[PDB]
Amino acid sequence: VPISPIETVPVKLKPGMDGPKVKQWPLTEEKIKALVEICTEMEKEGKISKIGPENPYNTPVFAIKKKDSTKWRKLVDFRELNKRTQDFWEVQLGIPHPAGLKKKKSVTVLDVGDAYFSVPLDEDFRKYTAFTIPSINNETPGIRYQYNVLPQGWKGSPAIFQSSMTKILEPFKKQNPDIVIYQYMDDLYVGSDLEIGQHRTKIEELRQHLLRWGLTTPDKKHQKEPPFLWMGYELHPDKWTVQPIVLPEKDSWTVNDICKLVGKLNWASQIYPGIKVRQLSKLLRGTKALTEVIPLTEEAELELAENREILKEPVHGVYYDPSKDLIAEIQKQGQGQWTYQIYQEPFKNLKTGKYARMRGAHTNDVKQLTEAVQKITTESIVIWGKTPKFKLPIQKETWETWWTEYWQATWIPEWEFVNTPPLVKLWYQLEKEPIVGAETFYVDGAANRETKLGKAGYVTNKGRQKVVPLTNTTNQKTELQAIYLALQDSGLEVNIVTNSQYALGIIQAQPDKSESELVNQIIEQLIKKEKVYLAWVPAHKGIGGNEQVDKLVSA
Amino acid sequence: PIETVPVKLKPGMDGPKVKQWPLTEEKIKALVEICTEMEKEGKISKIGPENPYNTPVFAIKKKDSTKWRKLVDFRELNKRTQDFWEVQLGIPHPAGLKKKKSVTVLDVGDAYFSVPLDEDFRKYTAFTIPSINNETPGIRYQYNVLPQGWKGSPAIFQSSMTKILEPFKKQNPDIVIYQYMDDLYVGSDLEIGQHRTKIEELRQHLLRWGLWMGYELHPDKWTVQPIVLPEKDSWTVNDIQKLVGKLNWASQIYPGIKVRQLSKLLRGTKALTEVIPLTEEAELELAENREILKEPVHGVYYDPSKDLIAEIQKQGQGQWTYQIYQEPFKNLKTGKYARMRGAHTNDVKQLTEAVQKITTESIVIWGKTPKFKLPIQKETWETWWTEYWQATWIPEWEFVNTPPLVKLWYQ
DNA sequence: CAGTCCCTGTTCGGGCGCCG
DNA sequence: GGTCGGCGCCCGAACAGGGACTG
């Protein structure tokens, strides 16, 4: 067997584990012909070689149809080999995005034919890639081959190719520094600011530099004229857009159909602004079967009709201009939903997106806004390597009040206020000093761990009092219930004294939403007040009415 | 032509496998130029995906410094090679370094490149350089010499370091020199003028052997933050309530604290704003508790075998308090920082500066870096902390969310 | 006292989208 | 078809740590 021009990558098995020894699946007669035809052709080209009984290893093999072609692709079920092969470090840290591309004079896209079949495998590792091809007769012994290149379906093939490909491109990139080559597997985006004459010269220089190592750049996959089809987009000299997206129109929706729908809506939200999947993802909670039919809710059908209407109009993104600043603007959309757009010139979006993760049982809009800012910041550094300037629907004084008083460290990068309703604001402010002339409530609550019963009430300085029996509750729920009672039966200004660290920690975080309906009711009562002052005193210390009300709610 | 010191991981432990986090443009260009130069000088060599190990990498600029510095997060590697630099080639810690009038730090990381690394251990020093918008796959390297920021580097170079310092230590016997990571702590009681002169003498004494920095510290002027009670002449119900809660919390540290007589003043169900006169028995319990807070805690001493732990509280108005301990309520040191860089505007910058100052104090006093309990969300910290880091070491940390109880550490 | 449990947050396993 | 890797989303279940209360 001749020597491949590309340097091979040494591969070992994990220490103390042998090669695979697994029997072949029964194959349909139509796939057997497709395999024998491909196996005999690859043997002639030196990509697979016959092996004898000295090779004790074996692995199954099958074939699937290529999309929009009569040719077949050969895949190997290397599930057992992948377990015992060494772990690799993937070099593909992410996926490039067209929003990070700079305007180049000339652009060229090419795809190499049969990438893996052009890169060799380590000589000492070829023995473990042994497989059997069953014949049309079950009694025929079968032809056993071993791979000489990267097998499609092996966990090391993508990591090996991407590193072998970068090693071949380095001498060209070193000689041609002003040439931009976006390398993703076999997809090479080549752009430059050289004149269109010298551009085609450098293109042919690279097509021969790649040919020297056995990499063929067919003219069928060659692209010289816009629009270019690169990574699922359409690249035009001034704008880009995603290749068309198709949503299913099922009359009866299963769970898997919603997942396919949600996935495409998330993919469309990159350039289609305003896509909401809140009510559609609510269909996936607490459901078990992938094939279970689920009826669409009224709020879900409205959200789908709105998403279909957005996909009707055409949208397009622009390219990154390093000379101008990066701008990102956010809008509160739904409860727990946020959308954003990243641009440099008004209405010329580089890309859009959405943030909707609900973190914690209790939160507010300021917390969710900060989480969205960080998600956009990380996303921007990935694509452009810098943090955009933010336009946030929150007052400068609103944010100043929050971060200065909050006990956690929190910060937002350079931003400015945009008056786009609805505006994010704090819905109530706990007083820092006790209110003079306000009734003082000493609340407490308790419960029995077994009976699940308890009381919750208060005692005031004006003689007022209340105790309420509670069924199916906990110590935490009662202490929150006691504060809810004090807020109900008090005026617009009220001082409340509790001993519940749990209740006091939730309220001081100024939440405006909660998974607990009791907290939501406490929030609703806090908004109606003008001045509220909470305080904490240690329990069982004989403090004020806190000991008098601890004895009333004892049982 | 130098022999390699054989190094092994701790038994039953594989190398670090930490993904690389996204980097800004200015840092990627800084790493590309440095790694290209270090590859030209044979300090590093490109590798491939057959190496299953990796370690995050980013770039920094020290205080008042223009040049970028390559920084690697080898914490995980240092956690998986701990027995080497503590049992076999440990470095003693001078107890007098913290008592000096002036202490200066020097970046001596360039000297580690003069010693080759063990060939079998180069596999674990792997790292990856990302590209903006993932233009290219990761450009991987591995170290061919002693890496900067690895806890095994100052232990191997220690024998070579002592012989370089012997001519200077003999000339200046009253000067204390300590080596931690890629830094050199030189402390003396000399006047500030001749102190900086002796540093430049050592800077040239190190240059002739094939090796520059300048950060000045004054550990003798380090102060602790005690727990203080207000001195009000008129007390309200709310004041006495807050006083009892604070004294109740402080009783976990000082067991002699009593709130019996003060709790008796809160017998009735009174309004918070109502003024309460202090009884005679309460005024004495208040005065005795103030004296107890002046006393040091009984039975608090540093254990070298225990890990250091540090907690930080955001007190607002640019105020930050901290406590260092190994066992709960047995605080080895308390303190408070004020008006740091980014005050009144950026907390992450203040919190980053606070971690650096606290870690530096821990190195001078005990020679260890504490594990931090940071008052910040995990995503908020992991997004911005690198933008304000100015040190060659990285302490360990965890994230807490303890709402403010009853202001124990700040009035 | 250690053993719970009530609460809350985090990590992970498993589906889809997309690209090669 | 039921091959591999990368990134993203959504959800539930697992894990895990801190309080308060009780034998």
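Residues numbered from 1 in each chain as written, not as in the entry; some residues may be left out. Chains lettered and ligands numbered in written order. Heavy atoms only, no water. Residues with missing side-chain atoms left out of burial classes, pairs and counts.

Glancing now at helix α3 (residues 157-175) of chain A. Residues and elements named next belong to chain A. The terminal C-alpha atoms of α3, which comprises 19 residues, lie 28 Å apart, in line with the 27 Å expected from a rise of 1.5 Å per residue. Along α3, the sharpest kink reaches roughly 35 degrees, centred on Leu169 and followed within four residues by the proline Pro171. Of all the residues in α3, the buried ones are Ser157, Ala159, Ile160, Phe161, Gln162, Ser164, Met165, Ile168, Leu169 and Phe172. (Helix = DSSP H or I, 4+ residues; strand = E, 2+ residues; numbered from the N terminus. Expected span 1.5 Å × (residues − 1). Bend = angle between axes of the 7 residues up to and from the residue. Buried < 20%, exposed > 50% of the residue type's maximum accessible area, 1.4 Å probe, protein only.)

Turning to the sheet that holds strand β9 (residues 228-230) of chain A, a few remarks are in order. Residues and elements named next belong to chain A. Sheet architecture is open: three strands sit in the order β9-β10-β11, paired in antiparallel fashion. In the strand order of this sheet, the two ends are held by β9 and β11 (240-242), each with one partner. Between one strand and the next, the sheet's axes are offset by a mean angle of 25 degrees, whatever the strand orientation. Direction of pairing for β9 relative to strand β10 (residues 233-235): antiparallel, over a ladder of three bridges. Among the inter-strand pairings, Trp230 is bridged to a residue of β10, identified as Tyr233. (Pairing = 2+ DSSP bridges. Axes fitted to C-alpha atoms, helices over the stretch in contact; angles between N-to-C directions.)

Moving on: the protein's contact with DNA strand D. Among the 25 residues in the neighbourhood of DNA strand D, the closest are listed as A:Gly153, A:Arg285, A:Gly286, A:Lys354 and B:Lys19. Sugar plus phosphate, as a fraction of atoms of DNA strand D within 4 Å of the protein: 75%. The backbone of A:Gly153 places a nitrogen or oxygen atom 3.1 Å from a sugar or linking oxygen of DNA strand D. Between DNA strand D and the protein, one listed contact pairs a phosphate oxygen with a backbone N or O atom of A:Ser281 at 3.3 Å. When residues of the surface near DNA strand D are traced back to their parent elements, those giving at least two are β2 (61-65) and α2 (79-84) of chain A. For the surface near DNA strand D, the residue count by class is nine nonpolar, eight polar and eight charged. (Near = heavy atom within 4 Å. Polar contact = N/O pair within 3.5 Å; in protein donor to acceptor, adjacent residues only side chain to side chain. Nonpolar A, V, L, I, M, F, W, Y, C, P; charged D, E, K, R; others polar.)

Let us now look at the pairing of strand β19 (residues 453-460) of chain A. Residues and elements named next belong to chain A. By the criterion of burial, β19 is predominantly enclosed, with six of the eight residues buried. As paired elements, strand β18 (residues 439-447) and β19 share seven bridges and run antiparallel to each other. Following the sheet pairing, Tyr442 is matched in β19 by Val459. Taken together, β18 and the strand that follows it, β19, pair antiparallel across an intervening segment of five residues, in which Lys452 is found at a positive phi of about 55 degrees. Sheet topology note: the β19/strand β20 (residues 465-471) ladder contains seven bridges and is antiparallel. Looking at the pairing, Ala456 lines up with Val468 of β20.

If you look at the biggest cluster of nonpolar residues, it comprises 90 residues, and the most contacted ones within it are B:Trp150, B:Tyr185, B:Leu202, B:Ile312, B:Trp381 and B:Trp389. Looking at this core element by element, the count peaks at eight residues for helix α10 (residues 347-365) of chain B. Core analysis: the next-biggest nonpolar cluster, separate from the first, contains 51 residues, A:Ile51, A:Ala159, A:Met165 and A:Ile168 among them. (Core = buried A, V, L, I, M, F, W, Y, C linked by side-chain atoms within 4.5 Å.)

Moving on, we come to the protein's contact with DNA strand C. Residues and elements named next belong to chain A. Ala361, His362, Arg449, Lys452 and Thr474 are the nearest of the 26 residues found near DNA strand C. Atoms of DNA strand C within 4 Å of the protein: sugar and phosphate make up 84%, bases the balance. Within the side chain of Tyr184, a nitrogen or oxygen atom sits 3.2 Å from a base oxygen of DNA strand C. Listing elements by their share of the surface near DNA strand C, those giving two or more residues are α5 (255-268), α10 (475-488) and α11 (501-508). Grouping the constituent residues of the surface near DNA strand C by class yields 10 nonpolar, eight polar and eight charged.

Turning next to the packing of aromatic side chains. With the rule as written, the count across this model stands at 38 aromatic pairs over all chains. With a centroid separation of 5.7 Å and 85 degrees between ring planes, the pair formed by A:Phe88 and A:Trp154 is classed as edge-to-face. Here A:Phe88 is found in the loop between α2 and β4 (106-111), whereas its partner A:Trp154 is found in the loop between β6 (143-147) and α3, with 66 residues between them in sequence. Seen from their ring centres, B:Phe58 and B:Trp385 are 5.5 Å apart, and the 75 degrees between their planes marks the pair as edge-to-face. (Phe/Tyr/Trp six-rings, centres within 6.5 Å; stacked < 30°, edge-to-face > 60°.)

Moving on, we get to the domain arrangement of chain A. Residue and element names in this part refer to chain A. Entries for chain A in the domain assignment read domain 1 (1-91 + 117-157), domain 2 (92-116 + 158-226), domain 3 (227-320), domain 4 (321-427) and domain 5 (428-555). Centre-to-centre separation of domain 2 and domain 3, based on C-alpha positions: 32 Å. Listed by partner, the interface residues are 20 residues for domain 2 and 14 residues for domain 3. The shortest N-O distance in the salt bridge between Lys103 and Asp238 comes to 2.8 Å. The interface formed by domain 2 and domain 3 includes four residue pairs in polar contact. For the side of domain 2 that touches domain 3, the secondary-structure elements that each account for two or more residues are β4, β7 (180-184) and β8 (187-192). Among the elements that make up the side of domain 2 that touches domain 3, the one with the highest residue count is β4 (three residues). Along the lines of polarity and charge, the residues of the side of domain 2 that touches domain 3 split into 11 nonpolar, four polar and five charged. (Domains from an automatic or database assignment. Contact = heavy atoms within 4.5 Å. Salt bridge = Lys/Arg side-chain N within 4 Å of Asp/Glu carboxyl O.)

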